[PDB]
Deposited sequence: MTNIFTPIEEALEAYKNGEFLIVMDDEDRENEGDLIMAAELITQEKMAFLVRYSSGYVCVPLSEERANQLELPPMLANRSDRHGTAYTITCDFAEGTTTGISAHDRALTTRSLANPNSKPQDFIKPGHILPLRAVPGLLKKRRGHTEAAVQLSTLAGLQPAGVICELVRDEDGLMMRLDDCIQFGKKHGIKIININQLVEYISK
């Protein structure tokens, strides 16, 4: 009565909707908004920023980050050097620009030279094996995209309360989901699905 069945959630994700993702069923878990990187529009990015910490990250597989030449920032942490898609952006931080950069990181035709580093988007490297190897939200994002038949790339950010800036716990996430019509799932629930 709280979490959406994985198959229904994947269809929403495939259709470009956000999903509120918790670690498991615990009431104290803090929720993050996650959606397909290739489908995030200017409006959807504006929505993500409006209700989150604004530290917008783009989970990518290690293989993809390597192809785009996005090495770890230091030669859930595991950050790579930041970046902005060159053509089509100006300040890089605008909703339009961050959305464009995010979609570009997912686009198979994108090339390393297409990006400016540093930038305003924080790509994240998901470990091989995804959720079966590490139950991080980074792995969850790439796992969702993969299950949805999309490019192995997602975009995420922490939900925050407008009243005091505190991260949204389960109760507040449930409220947020009903108000905005966003389905909620948890990683434990997702791991069980992919495992059996």
{"property": "Stretches with no C-alpha atoms in the model, relative to the deposited sequence starting at 1", "result": "1 to 2, 78 to 83"}
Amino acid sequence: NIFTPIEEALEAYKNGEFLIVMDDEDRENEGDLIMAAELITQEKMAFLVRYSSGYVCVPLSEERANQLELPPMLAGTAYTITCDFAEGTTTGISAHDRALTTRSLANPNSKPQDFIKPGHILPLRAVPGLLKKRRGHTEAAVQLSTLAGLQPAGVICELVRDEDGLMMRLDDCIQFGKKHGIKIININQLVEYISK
From here on, numbers count along this sequence of modelled residues.
item: Residue range whose averaged C-alpha B-factor is higher in the record, 160 to 168 or 33 to 41; value: 160 to 168
item: Stretch with the greater mean C-alpha B-factor as recorded in the entry, comparing 133 to 141 against 53 to 61; value: 133 to 141
item: Candidate set 122, 100, 73, 93 [ranked by C-alpha B-factor, highest]; value: 73
item: Most elevated Cα B-factor in the entry, residues 81, 126, 86, 106; value: 86
item: Chain-wide C-alpha B factor ranking for residue 154, given as lowest, middle or highest third; value: lowest
item: Residue 23, C-alpha B-factor rank within chain (lowest, middle or highest third); value: middle
item: Third assignment of residue 68 from its chain's C-alpha B-factors; value: highest
